[PDB]
Amino acid sequence: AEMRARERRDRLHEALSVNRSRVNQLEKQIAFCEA
Amino acid sequence: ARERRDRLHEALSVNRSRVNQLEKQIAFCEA
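Chains as they are written, first to last, in the entry's author numbering: chain B, 1053 to 1087; chain A, 1057 to 1087.
See below:
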């Protein structure tokens, strides 16, 4: 169970990092285009 | 031990909040 749990959590961490990066760039696009 | 690490935690949170606030302001200025 330990191995499966750590694998799932690691995948989720990586996905979350990607999500934060995506949000930042799309936030910049939104602000610039709206202005 | 817990007193020192806890006051360190809250100091970290304050510093990171300041960083985020200033970055948001500067991004607004840029646009």
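Even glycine gets a Cβ: it sits at the ideal position worked out from N, Cα and C.
Cα-Cα separation between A1083 of chain B and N1076 of chain B, rounded to whole angstroms: Looking at the two C-alpha atoms, the distance is approximately 11 Å.
What three-state label does DSSP hand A1057 of chain A in the structure shown? Assignment of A1057 of chain A by DSSP, reduced to helix, strand and coil, places it in the coil class.
Neighbour flag for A1087 of chain A against chain B, beta carbons, 8 Å: The C-beta of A1087 of chain A comes closer than 8 Å to at least one C-beta of chain B.
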